[PDB]
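In what follows, a single structure is set out as structure tokens and then discussed.
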Amino acid sequence: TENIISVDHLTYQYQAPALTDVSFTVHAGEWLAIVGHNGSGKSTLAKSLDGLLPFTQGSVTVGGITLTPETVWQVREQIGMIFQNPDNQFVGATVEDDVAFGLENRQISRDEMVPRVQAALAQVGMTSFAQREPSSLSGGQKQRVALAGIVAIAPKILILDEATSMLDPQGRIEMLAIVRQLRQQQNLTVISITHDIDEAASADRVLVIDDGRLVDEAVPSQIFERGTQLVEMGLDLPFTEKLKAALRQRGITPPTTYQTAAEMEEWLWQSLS
Amino acid sequence: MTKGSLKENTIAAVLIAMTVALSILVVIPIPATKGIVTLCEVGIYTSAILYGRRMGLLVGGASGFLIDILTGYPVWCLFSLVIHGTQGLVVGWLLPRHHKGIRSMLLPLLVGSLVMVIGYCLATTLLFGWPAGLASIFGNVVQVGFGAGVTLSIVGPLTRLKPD
Amino acid sequence: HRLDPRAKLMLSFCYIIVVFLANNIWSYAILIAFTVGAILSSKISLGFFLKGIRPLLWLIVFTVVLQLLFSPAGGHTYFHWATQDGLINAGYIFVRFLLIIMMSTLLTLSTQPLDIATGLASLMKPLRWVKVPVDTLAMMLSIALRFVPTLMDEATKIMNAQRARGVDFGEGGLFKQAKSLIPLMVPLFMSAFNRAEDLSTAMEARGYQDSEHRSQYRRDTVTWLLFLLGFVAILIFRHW
Amino acid sequence: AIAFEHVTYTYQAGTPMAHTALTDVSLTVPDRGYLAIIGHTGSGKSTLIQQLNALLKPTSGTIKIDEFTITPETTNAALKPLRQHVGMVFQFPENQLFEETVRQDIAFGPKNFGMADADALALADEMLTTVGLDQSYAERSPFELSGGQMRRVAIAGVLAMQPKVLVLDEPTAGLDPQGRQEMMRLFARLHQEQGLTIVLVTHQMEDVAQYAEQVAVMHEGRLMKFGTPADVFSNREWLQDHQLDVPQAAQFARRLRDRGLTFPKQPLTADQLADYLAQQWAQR
């Protein structure tokens with residue numbers, strides 16, 4: 001509905017990997033998560049979604065404004081972006097200027113900018129960090145104030161190009177949490193090109209790419225059924241899957257369908273006890 | 001002169017930050033007794049020889065100005081801005097040619113280096129003072145030697161790489 | 001002791017020419033009154049001051065002693081007096097060293113390094129009339145300035161990494177030392193290229209797009225008008 | 001091999017601003033050891049790490065590493081071979097690359113200490129093939145390689161020095177799950193088949209649970225808990241208040257404990273938990 005992509009291609013395979021005959025559509029407020037190996041475009045598709053990286057063929061249309069050259073900034077308006085490595089993409093002299101940075105250059109504003117910035121920093125909870133420069137913090141925090149900066153724009157779509165790729169478990173879990181509450185509050189589409197199993201589990205739907213071609217597409221719970229094959233697919237195993245694998249390595253045959261920690265616990269206690 | 005380009009405008013900023021960072025950080029102790037802080041001029045000269053070229057005068061000037069603020073003698077900031085700012089431009093404008101070979105870089109480096117030597121000498125011999133000019137000459141000559149040598153050592157490998 | 005702090009940059013800009021645009025003996029009385037007044041007004045605590053004069057002490061001694069020895073008359077081997085001019089000139093250049101150095105230290109300790117870029121943006125405003133891009137230089141200088149500390153953290157880790165694998169930094173002489181700087185310099189340049197490319201795609205995709213234009217997030221006039229009055233008083237007598 | 005004795009360090013010397021990055025650190029890592037340092041950022045882990053290769057001389061106490069003996073009195077010159085003895089891998093080692101070819105890049109390490117140039121290049125090829133994959137990549141430029149591959153080249157460059165003690169400052173950072181898995185299995189491989197004393201600063205508790213033989217918990221410049229992972233992860237709540245936590249296997253073991261079954265020891269790994277469940281599966 002929101003992001004229609006009929007055909008997509010990239011000629012770099014003759015840099016960013018490659019894409020061929022890619023096709024999918026993103027629903028409104030859908031928690032989408034793209035996963036794959038390294039041979040996959042993935043980050044290529046992430047670049048193509050915002051506006052950068054001019055594709056040689058195919059066509060992409062963010063509902064309803066179509067790509068690319070003249071309407072690139074129009075499409076880029078209703079699209080938030082967070083990249084890996086929070087040392088970069090900060091550009092601001094401090095947290096406050098970083099958040100205000102995205103707001104600034106749209107011919108607006110000055111007066112109404114300040115309370116919006118403070119409200120965004122209050123929304124991420126890092127209000128007591130606006131005074132501090134990025135050269136003092138922290139990993140997940142710079143990414144969090146970058147998230148505050150892009151959420152200050154309040155776009156209908158949000159793209160996570162492996163935002164948690166270079167974060168500690170603390171900052172990663174925290175970031176995912178505030179993204180969850182952000183979804184709760186604003187209700188918006190979140191497309192996340194990542195390799196984090198927790199994020200993929202938080203997703204409503206998961207697209208799996210391979211060799212520049214969309215090889216799979218299903219609910220994260222059904223995706224997790226791939227078990228040991230998940231690592232090769234560029235995604236960590238759920239602990240329940242690790243336990244099941246370790247059990248089938250030892251004669252015990254656990255259910256083929258995916259199970260959460262509660263379901264696994266219940267089944268285990270139901271078995272012997 | 002300036003346009004400015006999309007990527008290049010950012011590259012200049014990052015290179016300035018690098019030169020200032022190296023300037024504050026890296027210390028090069030000479031065999032008795034001074035030090036060579038202006039290994040930032042390696043970043044300057046290299047930024048002038050790489051792409052470069054005229055625009056590298058920003059990487060030369062703004063960086064040196066910031067260095068004057070941070071090291072730092074804030075009073076000399078304008079002087080350094082002019083001296084270095086024109087220095088990088090003297091290297092850049094005189095460079096091409098087509099970056100082919102070492103000598104092609106050897107010639108403009110000599111002229112641009114004198115802009116620092118003569119520049120700071122006149123900068124010293126103004127508030128000062130007959131000996132300060134000589135001291136500035138010696139120190140900035142050794143420093144120019146180190147900077148140009150290191151720049152010559154790096155710029156080869158880098159031209160093979162480098163984005164644009 | 002913070003202030004505007006936009007005017008302090010202009011102080012740094014003017015103090016250089018104001019310093020030597022004054023002979024005597026009288027303009028020195030005005031200059032010293034102004035500088036010492038500023039010092040007393042801005043805390044201090046002469047510790048950082050004397051520690052600031054400490055490294056340049058050799059240059060002070062060298063300059064003053066050479067200005068002396070090459071003046072009584074010293075050349076062709078003969079001392080005594082006549083010399084007094086060289087004496088008071090050496091005193092002049094000594095007090096000169098004190099003024100410039102102490103004011104440099106004071107100016108260093110005064111401004112916080114952050115707002116200086118914005119100050120530069122504000123001072124480059126008239127230059128807009130001269131077709132010179134102000135906002136591009138402002139954004140470039142701000143990004144550079146904010147990236148200065150994070151690049152120091154990078155430069156240290158690179159040096160430590162290379163030191164960990166055999167690179168002996170800092171050691172003499174000069175050629176063997178300059179050759180040793182390469183494993184530090186080469187990675188930093190390529191890292192700086194990746195630092196910019198990722199920053200370019202970041203700024204493009206960010207809310208700020210391709211703009212360059214246009215958006216920006218009582219003690220001021222007092223000390224500067226005082227500076228004007230003092231500067232005029234200096235402009236009065238100057239022997240020329 | 002490694003042995004800290006009342007070690008402590010502080011930036012910057014006695015003069016302000018003082019900041020003790022470490023205080024009273026005592027521990028011993030045996031031959032063929034595998035220490036895993038855990039803790040928050042700035043908790044003194046990096047200081048403890050840099051304390052090994054003599055990057056930071058202690059303010060007090062002594063550090064005995066095999067034949068070496070680090071002391072505050074020790075000069076910088078005598079600490080020269082300690083670097084080839086103790087290999088180190090900083091976070092994101094790709095940045096350390098600079099040479100035009102990965103062969104000369106990896107060979108560059110030993111070349112500083114020794115080295116016969118031909119033997120250095122041959123050893124560079126050997127390390128090239130021993131690390132992850134990277135067969136016959138010698139002529140290829142490192143900058144052309146992927147991030148992970150560059151990490152493998154840098155790591156190979158470190159391994160080329162023939163170190164007896166390898167140190168890893170979060171080596172699996174930024175890597176995809178397969179990259180992290182293969183890299184950790186590489187570390188374990190070198191550990192078991194070659195030497196190899198391995199120090200490992202991380203945040204991933206699973207790698208510490210599976211590979212580490214002993215754990216060092218840091219918390220603001222002080223080694224509070226130290227011992228086998230069974231001893232460290234025994235007290236969950238302490239870790240919880242230290243913003244840390246026991247591995248997923250231990251958590252789920254608690255989940256199965258409240259229901260609940262019993263276990264001879266707390267399962268730190270899914271394999272161990274699978275064993276404990278298999279025994280009771282055979283019983284009931």
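Identifiers in the structure tokens: chain A, B, ... in order shown; residue index from 1 per chain; ligand index from 1 in order shown.
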Review point. Using only C-alpha atoms, which chain B residues lie at most 8 Å away from chain C, written as number ranges by chain?
Key: B: 2, 4, 6-7, 9-18, 20-22, 25, 27-31, 62, 66, 69-70, 72-78, 126-132, 146, 149-150, 153-154, 158, 162-163
Exercise for review: Report as an MDAnalysis selection string the set of chain A residues whose atoms approach chain D to within 7 Å, with distances computed over only C-alpha atoms.
Suggested key: chainID A and resid 165:166 168 195 231:232 234:236 239 242:243 246:247 265 272
Review point. Within 7 Å of chain D, which residues of chain C show up when using only C-alpha atoms, listed as a PyMOL selection string?
Key: chain C and resi 158+161-162+164-167+183+186-187
Exercise for review: Have a look at A:206, A:91, A:219, A:4 and name the one nearest to chain C; count only C-alpha atoms.
Suggested key: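 With only C-alpha atoms as the atom set, the closest residue is A:91.
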For the contact check between chain A and chain B, emit one row per residue of chain A within 12 Å, containing the shortest atom pair and the distance in Å rounded to one decimal, counting only C-alpha atoms, chain then rising number order, as JSON lines.
{"residue": "A:15", "atom": "CA", "partner": "B:163", "partner_atom": "CA", "distance": 11.6}
{"residue": "A:88", "atom": "CA", "partner": "B:14", "partner_atom": "CA", "distance": 10.6}
{"residue": "A:89", "atom": "CA", "partner": "B:10", "partner_atom": "CA", "distance": 11.7}
{"residue": "A:91", "atom": "CA", "partner": "B:10", "partner_atom": "CA", "distance": 10.0}
Using only C-alpha atoms, determine which residues of chain B fall within 10 Å of chain D; present them as a CSV table (one decimal) with C-alpha atoms, in the first residue's frame.
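So selection_9.csv came out as:
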chain,number,residue,atom,x,y,z
B,157,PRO,CA,49.6,5.1,-2.8
B,158,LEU,CA,46.6,7.5,-2.2
B,160,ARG,CA,45.7,5.1,-6.8
B,161,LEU,CA,42.8,4.9,-4.4
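Closest approach to residue 32 in chain D among D:125, D:258, D:193, D:67: D:193, based on only C-alpha atoms.
Between chain A and the residues C:53, C:234, C:225, C:114, the shortest atom-to-atom distance, using only C-alpha atoms, involves C:114.
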**Study point:** Which of range 14-168 of chain D fall in alpha helix (DSSP H), as a ChimeraX atom specification
**Key:** /D:45-50,80-85,102-113,117-130,147-159
Exercise for review: Excluding range 92-100 of chain B and residues on its chain fewer than 6 positions from it, collect all residues at most 10 Å away from it, counting only C-alpha atoms, and give them as a list in words.
Suggested key: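 Using only C-alpha atoms, the neighbours found are residues 45, 46, 47, 48, 49, 50, 51, 52, 53, 54, 55, 56, 57, 86, 106, 107, 108, 109, 111, 112, 155, 156 and 159 of chain B.
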Okay, now the selection with N, CA, C and O atoms, as a PDB file, in the first residue's frame?
ATOM      1  N   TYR B  45      48.977  19.491   2.299  1.00  0.00           N
ATOM      2  CA  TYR B  45      49.651  19.264   1.026  1.00  0.00           C
ATOM      3  C   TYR B  45      49.036  18.089   0.282  1.00  0.00           C
ATOM      4  O   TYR B  45      48.781  18.175  -0.914  1.00  0.00           O
ATOM      5  N   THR B  46      48.797  16.993   0.998  1.00  0.00           N
ATOM      6  CA  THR B  46      48.198  15.805   0.400  1.00  0.00           C
ATOM      7  C   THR B  46      46.814  16.122  -0.141  1.00  0.00           C
ATOM      8  O   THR B  46      46.470  15.700  -1.237  1.00  0.00           O
ATOM      9  N   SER B  47      46.025  16.873   0.621  1.00  0.00           N
ATOM     10  CA  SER B  47      44.698  17.271   0.160  1.00  0.00           C
ATOM     11  C   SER B  47      44.795  18.173  -1.071  1.00  0.00           C
ATOM     12  O   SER B  47      43.878  18.220  -1.892  1.00  0.00           O
ATOM     13  N   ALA B  48      45.912  18.883  -1.195  1.00  0.00           N
ATOM     14  CA  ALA B  48      46.147  19.745  -2.349  1.00  0.00           C
ATOM     15  C   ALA B  48      46.613  18.974  -3.586  1.00  0.00           C
ATOM     16  O   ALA B  48      46.360  19.396  -4.715  1.00  0.00           O
ATOM     17  N   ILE B  49      47.295  17.852  -3.374  1.00  0.00           N
ATOM     18  CA  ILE B  49      47.859  17.077  -4.480  1.00  0.00           C
ATOM     19  C   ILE B  49      46.919  15.966  -4.963  1.00  0.00           C
ATOM     20  O   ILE B  49      46.958  15.567  -6.128  1.00  0.00           O
ATOM     21  N   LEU B  50      46.066  15.484  -4.064  1.00  0.00           N
ATOM     22  CA  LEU B  50      45.153  14.383  -4.366  1.00  0.00           C
ATOM     23  C   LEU B  50      44.202  14.707  -5.512  1.00  0.00           C
ATOM     24  O   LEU B  50      44.462  14.351  -6.660  1.00  0.00           O
ATOM     25  N   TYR B  51      43.098  15.377  -5.199  1.00  0.00           N
ATOM     26  CA  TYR B  51      42.109  15.707  -6.225  1.00  0.00           C
ATOM     27  C   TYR B  51      42.567  16.774  -7.243  1.00  0.00           C
ATOM     28  O   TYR B  51      42.496  16.517  -8.446  1.00  0.00           O
ATOM     29  N   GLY B  52      43.031  17.952  -6.810  1.00  0.00           N
ATOM     30  CA  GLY B  52      43.054  18.403  -5.427  1.00  0.00           C
ATOM     31  C   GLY B  52      41.917  19.373  -5.154  1.00  0.00           C
ATOM     32  O   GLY B  52      40.874  18.973  -4.639  1.00  0.00           O
ATOM     33  N   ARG B  53      42.105  20.650  -5.482  1.00  0.00           N
ATOM     34  CA  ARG B  53      43.367  21.178  -5.992  1.00  0.00           C
ATOM     35  C   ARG B  53      43.472  22.633  -5.561  1.00  0.00           C
ATOM     36  O   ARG B  53      44.304  22.990  -4.728  1.00  0.00           O
ATOM     37  N   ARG B  54      42.618  23.471  -6.138  1.00  0.00           N
ATOM     38  CA  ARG B  54      42.479  24.846  -5.688  1.00  0.00           C
ATOM     39  C   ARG B  54      41.687  24.858  -4.387  1.00  0.00           C
ATOM     40  O   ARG B  54      42.034  25.565  -3.443  1.00  0.00           O
ATOM     41  N   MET B  55      40.632  24.050  -4.346  1.00  0.00           N
ATOM     42  CA  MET B  55      39.740  23.981  -3.192  1.00  0.00           C
ATOM     43  C   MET B  55      40.430  23.470  -1.928  1.00  0.00           C
ATOM     44  O   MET B  55      39.915  23.640  -0.824  1.00  0.00           O
ATOM     45  N   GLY B  56      41.594  22.848  -2.095  1.00  0.00           N
ATOM     46  CA  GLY B  56      42.370  22.349  -0.971  1.00  0.00           C
ATOM     47  C   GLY B  56      42.869  23.458  -0.063  1.00  0.00           C
ATOM     48  O   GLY B  56      43.324  23.211   1.061  1.00  0.00           O
ATOM     49  N   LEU B  57      42.782  24.691  -0.553  1.00  0.00           N
ATOM     50  CA  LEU B  57      43.175  25.858   0.225  1.00  0.00           C
ATOM     51  C   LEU B  57      42.302  26.000   1.468  1.00  0.00           C
ATOM     52  O   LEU B  57      42.698  26.643   2.433  1.00  0.00           O
ATOM     53  N   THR B  86      46.678  30.408   1.731  1.00  0.00           N
ATOM     54  CA  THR B  86      47.321  30.688   0.457  1.00  0.00           C
ATOM     55  C   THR B  86      48.346  29.616   0.119  1.00  0.00           C
ATOM     56  O   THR B  86      48.609  29.367  -1.049  1.00  0.00           O
ATOM     57  N   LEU B 106      57.111  17.478  -6.642  1.00  0.00           N
ATOM     58  CA  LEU B 106      58.284  18.014  -5.962  1.00  0.00           C
ATOM     59  C   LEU B 106      58.421  19.509  -6.213  1.00  0.00           C
ATOM     60  O   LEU B 106      58.748  20.272  -5.303  1.00  0.00           O
ATOM     61  N   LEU B 107      58.168  19.925  -7.449  1.00  0.00           N
ATOM     62  CA  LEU B 107      58.284  21.341  -7.805  1.00  0.00           C
ATOM     63  C   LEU B 107      57.304  22.286  -7.079  1.00  0.00           C
ATOM     64  O   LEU B 107      57.736  23.280  -6.495  1.00  0.00           O
ATOM     65  N   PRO B 108      55.989  21.987  -7.107  1.00  0.00           N
ATOM     66  CA  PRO B 108      55.065  22.919  -6.449  1.00  0.00           C
ATOM     67  C   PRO B 108      55.146  22.882  -4.924  1.00  0.00           C
ATOM     68  O   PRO B 108      54.790  23.865  -4.276  1.00  0.00           O
ATOM     69  N   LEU B 109      55.600  21.766  -4.362  1.00  0.00           N
ATOM     70  CA  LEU B 109      55.744  21.654  -2.915  1.00  0.00           C
ATOM     71  C   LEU B 109      56.774  22.641  -2.382  1.00  0.00           C
ATOM     72  O   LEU B 109      56.607  23.197  -1.300  1.00  0.00           O
ATOM     73  N   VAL B 111      57.590  25.617  -3.651  1.00  0.00           N
ATOM     74  CA  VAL B 111      57.066  26.977  -3.703  1.00  0.00           C
ATOM     75  C   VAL B 111      56.041  27.225  -2.601  1.00  0.00           C
ATOM     76  O   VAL B 111      56.070  28.261  -1.936  1.00  0.00           O
ATOM     77  N   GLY B 112      55.136  26.268  -2.415  1.00  0.00           N
ATOM     78  CA  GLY B 112      54.106  26.379  -1.399  1.00  0.00           C
ATOM     79  C   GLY B 112      54.682  26.363   0.002  1.00  0.00           C
ATOM     80  O   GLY B 112      54.147  26.995   0.912  1.00  0.00           O
ATOM     81  N   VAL B 155      51.276  10.375  -0.750  1.00  0.00           N
ATOM     82  CA  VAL B 155      50.456  10.779  -1.893  1.00  0.00           C
ATOM     83  C   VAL B 155      50.492   9.797  -3.070  1.00  0.00           C
ATOM     84  O   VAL B 155      49.544   9.723  -3.851  1.00  0.00           O
ATOM     85  N   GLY B 156      51.574   9.033  -3.181  1.00  0.00           N
ATOM     86  CA  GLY B 156      51.688   8.025  -4.220  1.00  0.00           C
ATOM     87  C   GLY B 156      50.587   6.983  -4.137  1.00  0.00           C
ATOM     88  O   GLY B 156      49.719   6.927  -5.008  1.00  0.00           O
ATOM     89  N   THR B 159      46.730   8.346  -4.438  1.00  0.00           N
ATOM     90  CA  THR B 159      46.170   8.724  -5.735  1.00  0.00           C
ATOM     91  C   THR B 159      45.598   7.515  -6.468  1.00  0.00           C
ATOM     92  O   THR B 159      44.640   7.637  -7.231  1.00  0.00           O
TER      93      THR B 159
END
